[PDB]
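Close look at the chain arrangement
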Amino acid sequence: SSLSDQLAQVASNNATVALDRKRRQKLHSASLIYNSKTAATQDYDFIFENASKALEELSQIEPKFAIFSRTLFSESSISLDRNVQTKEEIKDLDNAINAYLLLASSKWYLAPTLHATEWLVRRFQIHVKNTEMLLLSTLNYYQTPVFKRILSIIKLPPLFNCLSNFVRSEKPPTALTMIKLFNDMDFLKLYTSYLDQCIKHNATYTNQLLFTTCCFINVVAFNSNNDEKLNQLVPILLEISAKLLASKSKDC
Amino acid sequence: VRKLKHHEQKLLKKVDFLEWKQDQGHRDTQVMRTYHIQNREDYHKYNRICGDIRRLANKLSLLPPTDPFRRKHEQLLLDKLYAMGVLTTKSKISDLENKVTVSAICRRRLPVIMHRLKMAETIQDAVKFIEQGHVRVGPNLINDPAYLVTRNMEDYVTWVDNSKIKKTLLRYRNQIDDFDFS
Amino acid sequence: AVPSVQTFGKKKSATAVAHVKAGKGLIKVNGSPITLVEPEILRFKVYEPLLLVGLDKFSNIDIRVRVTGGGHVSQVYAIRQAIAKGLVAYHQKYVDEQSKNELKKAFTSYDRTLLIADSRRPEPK
Amino acid sequence: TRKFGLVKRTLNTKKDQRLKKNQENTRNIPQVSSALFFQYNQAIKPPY
Amino acid sequence: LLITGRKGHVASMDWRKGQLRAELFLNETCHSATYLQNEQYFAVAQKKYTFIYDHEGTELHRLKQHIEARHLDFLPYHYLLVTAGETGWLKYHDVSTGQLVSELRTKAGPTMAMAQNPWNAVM
Amino acid sequence: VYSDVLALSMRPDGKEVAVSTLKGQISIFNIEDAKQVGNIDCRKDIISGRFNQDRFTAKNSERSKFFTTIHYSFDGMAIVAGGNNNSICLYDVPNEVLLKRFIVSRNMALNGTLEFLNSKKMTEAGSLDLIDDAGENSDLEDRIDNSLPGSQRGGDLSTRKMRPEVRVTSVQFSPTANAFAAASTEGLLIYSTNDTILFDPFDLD
Amino acid sequence: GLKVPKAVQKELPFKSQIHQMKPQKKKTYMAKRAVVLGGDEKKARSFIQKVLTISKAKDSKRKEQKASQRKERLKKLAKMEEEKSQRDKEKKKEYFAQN
RNA sequence: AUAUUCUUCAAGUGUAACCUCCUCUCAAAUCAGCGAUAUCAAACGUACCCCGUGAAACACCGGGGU
RNA sequence: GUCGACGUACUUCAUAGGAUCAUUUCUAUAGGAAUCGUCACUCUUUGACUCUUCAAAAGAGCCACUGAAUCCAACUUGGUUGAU
């Protein structure tokens, strides 16, 4: 290809690597709670105080968050940057954070999860590295003001190209544009592999599991003409509903 | 660099990264813009000739004045340098050292002549029409923008026939004739 | 849009602006049919580009001709010039090329004045 | 689809700001004095 | 990083991050280039004339001198661009003032290999 | 005539004149009368090259679609024409149809050969033939570009800074033996029939 | 005003072709549409056209008053220039009469 | 020091270092001011009938219309 | 016939007192202000980059597969109990 195509490919792989001070003051400045001026002037040490104080409240709501204070939200996990570590160790940082956003996604209306994930946003760079499991865990809150903030950070993946006009928009992403997401044949194959991952931990909640079907009904509805499109659709949908019946949960 | 301070100034009275005495005022760039010439080495390909005029002017000035060689020989040369059209008048013999400039030889360029004869609107736009292939000299169309044109040959530049730019001109006067397929 | 071709025709000081477009087969001169040209003896001097090549080739086209200048005769040499030029410059544009060289060889053998303006520029002896 | 009349990008001198010589880029009418007459200067009195 | 094609690339990339400062396509051949005093000012060795470029791709100077340049080097404590081409001569161009310091006849023919000494600034 | 004429030639009868205008078309006039016998159309059957430095398709450039020479055969029945194009022609004069079209040369080295250049030569900034390979060369004498700026068809071949164009300048028939020589860029061509490996019978029973 | 002959006006170069708008005869729809406020607005649209007439002519008379006194002042000014011209000649004799 | 190496001074219509003037200021074109042949609208002017105000004036009060 | 001599008439010739900038410190003068390893925010100027108007011109050309946007046809939903 050209030069500037290949030389912008290096930019994606070093999207988090703070090199100049101005590169740091753009990456560190974006976050969930604080605005762009007051975010850049605070340590990780400041953020870890508010997180570990908030995370102990979430441990009181349910004891499942107690384990992450041993590993991710521990005091020793301030010095570790992602970029310094090997390739095997990063996938364990993903598999902790992927296990975290399952438990986080249920208590998402509450104020302490907003202060809890933000240290896991700003120290662990989940708004760049793994924004699929960040967004797929929080895809059902599209009307809420917390998801409007989540859009205002993330460089959107190539699969979520329907929401790309709603990044840093005034009004929330409307209900039909959520269907244009699920109308794609590839974006469903995430939301299968998100859900069959979510059932195995048996943490699937009521408002989430409605918004799955309320999209999965409409995908059948928008494709009720094209009999070819439906023919390639049910290896995606019926294999969910096969595994969605295997659940212990009556609600699933 | 920095708009260095007053005490920085006096130690760096002479440093400058943009403008050098070697660079000679950037005269070569300054006339490349006014005539819009494509490749950079084109200037000093003329300025070697335009200097070689003056070196022949100088040694022909060092011959004694009542020499029927010397009186014959620069008037032999001003015949040619006026026919080619680099210099405006034939009368002065000291035009040959004073008025022979590169900007004189760089305005018998073809796109300047298409701007002098009011063919194209500007001088960049004439390069745009030469490179696309709308202009011609007699039979054959010309495609190098940097075609020198003799003052004698300056009569014969026209738009190339059946072109889409000689068709539009004839529509303005409501005088097309498609038996010519203009 | 509309496929048209504009050709000129010129005798002494008379122009002839013949627009030729694809149509039904009407042939007008100054907003009047060609069967009503003035001098009435020279009406067959303008039927020459109709009848030399054959009247079939006008079945799909329109010939709008408007003339100014000249006299009674020297306009009739302008409408026979601009109809011949307007016919033979529509077959090189919007119909087939081999039609055109059949026409340009037909008008040539009959009278070359149909195509190119016979300019009677002076001569000093 | 490359543009026509392309030329090597080079340094403007008449327009650029980094050059030293190109780095550079309410009326006032003083009232004639309230002392002064046409030429008489009616204020000056001894001591001077 | 600075790279030069033998045919026409000159790319003054930033390298860690993915930004691209200047990409000049030169239809003359090009042999070598170095950054002179920062990332900002670099100097390619063209077909005949060593040019001095800027971070945007601008020309700053067409060096009339340095009339062949196969091997081109800078040494940073003297602001002193050095060339040695296929002409034997060895020229040092003090790029702060623009005044050529010293032109040196090598007597040995076309310079096949040149590299500076960092400790000493002899070459 | 209709457009600029160039390169006339007269039949050895002394009664006809063959012309080559700039519209491509070759016309044949009488002399004792001013009228014309006929004209033969040459704009289509001319092959034209796209040069390396061009910006137009080879189909719609007006460089080479006329004929800068014509010569009647001594029979008075055939015209050979040749211009700044890549092709030579043999028109029959009464039947008004070309007989055979000769490509002068097939060289990538010369410019006016190809109707269609390769696409892999076109890099985003420019063709990969216009790049100066002159500085790569080992000797001194090759590297010295002394080409004057806009010198076309000039004095030496060094002073072009272009590849040489394809043009057939002047064409004549032979007097004797069905030959005709066309003077090219590559050098003077000679076409002939001295083979006679051909079965051209006449009145066979 | 000058009226260019049309045979001169026809073969003019494109830079200088004189723009002469033909009058319109077939009534436009817009000139059959638009509303003109009458009554009270007419008394306040006649008046603005009656004020701007006064202030254009009060300017173009007082602006003419300056160029009437410009002509008088430069006649008085050149008379002072002529005395400083001739007397400056006389000093450079009485200077060089010493030298 | 025992022909080269090193050193000192002198001279060169010697100089691709270094000083200096030229190699820019067009038989050019745009934009801005000015502004004509013209144009659209409005007002005002002339004549002509109509309506309000008024008791009324061929109203010397206002208005509408062609 | 033209050129001198004399007379007449006009044109022309000399400036001086200061101050600052000019040398990689120093223009000669002590009567003068400038030696600092920078971290932020605001504001202004210039440059690219993508579209683009006055306004075109030319397409390194042709095929094959896959993807998208617009415009009708169709269908569905809402719509005189009021769509635009």
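For this entry, the PDB record names cryo-EM as the structure determination method and reports a resolution of 3.8 Å.

The name given to chain D in the PDB entry is Utp24, with Saccharomyces cerevisiae BY4741 as the source organism.

Going by what the PDB entry lists, chain B is known as Imp3 and is assigned to Saccharomyces cerevisiae BY4741. The UniProt entry for chain B carries the following text under Subcellular location: "Nucleus, Nucleolus". Per UniProt, the comment on chain B under Sequence similarities is "Belongs to the universal ribosomal protein uS4 family."

1. Comments concerning the overall build of chain B
In terms of helices and strands, chain B carries nine helices and three strands. Shown N-terminal to C-terminal, the secondary structure of chain B runs as helices and strands in the order α-α-α-α-α-α-α-α-β-β-β-α. Computed over C-alpha atoms, the radius of gyration of chain B comes to 23 Å, more than 25% over the 16 Å expected from 2.2 N^0.38 for 182 residues, which places it beyond the range of a compact globule. Taken along its principal axes, the extent of the C-alpha atoms in chain B is 75 × 60 × 25 Å. Within the span of chain B, comprising 182 residues, buried residues form 43% of the whole. Sequence separation of at least 24 residues holds for 47% of the intrachain contacts in chain B that already meet a minimum separation of 6. Carbon and sulfur atoms form 53% of the exposed surface of chain B, whose accessible area is close to 10,300 Å². Averaged over its 35 positive side-chain charges, chain B has a centre that lies 6 Å from the centre of its 23 negative ones.

2. Digging into the protein's contact with RNA strand H
As a structural note, the neighbourhood of RNA strand H is formed by 41 residues, with B:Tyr43, B:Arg54, B:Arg107, G:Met21 and G:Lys42 the closest of them. Within the side chain of B:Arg151, a nitrogen or oxygen atom sits 3.3 Å from a base nitrogen of RNA strand H. Of all the elements in the fold, those that place two or more residues in the surface near RNA strand H are α2 (27–35), α3 (42–59), α6 (102–105) and α7 (110–116) of chain B, β11 (100–104) of chain E together with α3 (40–43) and α4 (46–94) of chain G. A class-by-class count of the residues in the surface near RNA strand H yields 11 nonpolar, 16 polar and 14 charged.

3. With respect to empty space enclosed by the protein
Estimates place the volume of the largest cavity at around 120 Å³. Surrounding the largest cavity, B:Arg136, B:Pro139, B:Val160, B:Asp161, B:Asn162, B:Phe181, F:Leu22, F:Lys23, F:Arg43, F:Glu62, F:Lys65 and F:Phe66 form its lining. Of the residues assigned to the lining of the largest cavity, the class counts are five nonpolar, one polar and six charged. A volume near 70 Å³ is recorded for the second largest cavity. Surrounding the second largest cavity, F:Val1, F:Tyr2, F:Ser3, F:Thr21, F:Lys23, F:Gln25, F:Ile26, F:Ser27, F:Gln36 and F:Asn39 form its lining. Within the residue set of the lining of the second largest cavity, elements represented by two or more residues are β3 (26–30) and β4 (36–40) of chain F. Partitioning the lining of the second largest cavity into residue classes produces three nonpolar, six polar and one charged.

4. A look at the interface of chain B and chain E
Facing the 16 residues of chain B at the interface are 17 residues of chain E. In total, chain B and chain E occlude about 1,600 Å² of area from one another, counting both sides; carbon and sulfur atoms represent 52% of this. Sorting the residues of chain B by area buried against chain E places B:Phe17, B:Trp20 and B:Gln22 first, and these three jointly supply 43% of that buried surface. Inspection of the chain B/chain E interface yields one salt bridge. Here chain B and chain E share nine residue pairs in polar contact between them. Residue composition of the side of chain B that touches chain E, by class: four nonpolar, four polar and eight charged.

5. Overview of the packing of aromatic side chains
Residues and elements named next belong to chain E. Taken as a whole, this structure holds 33 aromatic pairs over all chains when the rule is applied. Ring plane angle 80° and centroid distance 5.6 Å describe the contact between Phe-42 and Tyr-53, whose orientation is recorded as edge-to-face. With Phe-42 in strand β5 (residues 42–44) and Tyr-53 in strand β6 (residues 51–53), this residue pair connects regions lying 11 residues apart in the sequence. Taking the relative accessible area as the measure of exposure, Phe-42 reaches 0% and is therefore buried.

6. Topic: the protein's contact with RNA strand I
In the vicinity of RNA strand I, 37 residues are found, and the nearest of them are B:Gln132, D:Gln17, F:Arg50, F:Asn60 and G:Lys93. Counting only the atoms of RNA strand I within 4 Å of the protein, the fraction contributed by sugar and phosphate is 54%. In this structure, A:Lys37 approaches RNA strand I through a side-chain N or O atom, which is 3.4 Å from a phosphate oxygen. Among the elements of the structure, α2 (21–27) of chain A, α1 (6–11) and α8 (123–132) of chain B together with α4 of chain G are those that each provide at least two residues to the surface near RNA strand I. Top element by residues in the surface near RNA strand I is α1(B). It accounts for four residues. When grouped by side-chain class, the residues that make up the surface near RNA strand I number nine nonpolar, 13 polar and 15 charged.

7. Notes on the sheet that holds strand β9 (residues 170–173) of chain F
Residues and elements named next belong to chain F. Strand order in the open sheet made by the three strands is β9-β10-β11, with antiparallel pairing throughout. With partners counted over all chains shown, the strands left at the sheet margins are β9 and β11 (188–191), one partner each. If you compare each strand with its neighbour and ignore which way they point, the axes differ by 15° on average.

8. Things to note about the pairing of strand β7 (residues 87–92) of chain F
Residue and element names in this part refer to chain F. Within β7, six of the six residues are buried, which leaves it mostly tucked inside the rest of the structure. Side-chain alternation along β7 places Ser-87, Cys-89 and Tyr-91 on one buried face and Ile-88, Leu-90 and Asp-92 on a second face that is also buried. Pairing of strand β6 (residues 78–82) with β7 involves five bridges; the strand directions are antiparallel. Across the sheet, residue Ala-81 finds its bridge partner in β7, namely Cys-89. Count of turn residues in the β6/β7 antiparallel hairpin: four residues. As paired strands, β7 and strand β8 (residues 102–103) are joined by two bridges and run antiparallel to one another. Bridging from a neighbouring strand, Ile-88 pairs with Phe-102 of β8.

9. A short note on the interface of chain B and chain C
In many reports, interface size means the accessible area that the parts give up when they come together. The partner chain C presents 11 residues to the seven residues of chain B that form the contact. Overall, the association of chain B and chain C removes approximately 830 Å² of surface from exposure, summing both partners, and the carbon and sulfur fraction of that is 54%. Linking chain B with chain C are two salt bridges, by the criterion used here. For B:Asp177, the salt bridge goes to C:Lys85, with nearest N and O atoms at 3.0 Å. Linking chain B with chain C are three residue pairs in polar contact, by the criterion used here. Taken together, the residues of the side of chain B that touches chain C break down into three nonpolar, two polar and two charged.

Reading guide: rules and limits
Residues numbered from 1 in each chain as written, not as in the entry; some residues may be left out. Chains lettered and ligands numbered in written order. Part of a larger assembly, values for the part shown. Heavy atoms only, no water. UniProt positions renumbered as here; feature names shortened; annotations may be inferred. Helix = DSSP H or I, 4+ residues; strand = E, 2+ residues; numbered from the N terminus. Rg over C-alpha atoms; globule rule 2.2 N^0.38 Å. Buried < 20%, exposed > 50% of the residue type's maximum accessible area, 1.4 Å probe, protein only. Contact = heavy atoms within 4.5 Å. Areas by Shrake-Rupley, 256 points an atom, 1.4 Å probe, with all protein chains shown as cover. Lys, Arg positive; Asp, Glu negative; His and termini not counted. Charge placed at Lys NZ, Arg CZ, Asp CG, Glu CD. Near = heavy atom within 4 Å. Polar contact = N/O pair within 3.5 Å; in protein donor to acceptor, adjacent residues only side chain to side chain. Nonpolar A, V, L, I, M, F, W, Y, C, P; charged D, E, K, R; others polar. 1 Å grid on protein atoms, 1.4 Å probe; cavity = no way out; pocket = protein on both sides within 12 Å on 5 of 7 lines; lining within 4 Å. Points joined across faces, edges and corners; volume = space filled by probe spheres on them. Buried area = accessible area lost by both parts, 1.4 Å probe. Salt bridge = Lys/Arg side-chain N within 4 Å of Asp/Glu carboxyl O. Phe/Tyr/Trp six-rings, centres within 6.5 Å; stacked < 30°, edge-to-face > 60°. Pairing = 2+ DSSP bridges. Axes fitted to C-alpha atoms, helices over the stretch in contact; angles between N-to-C directions.

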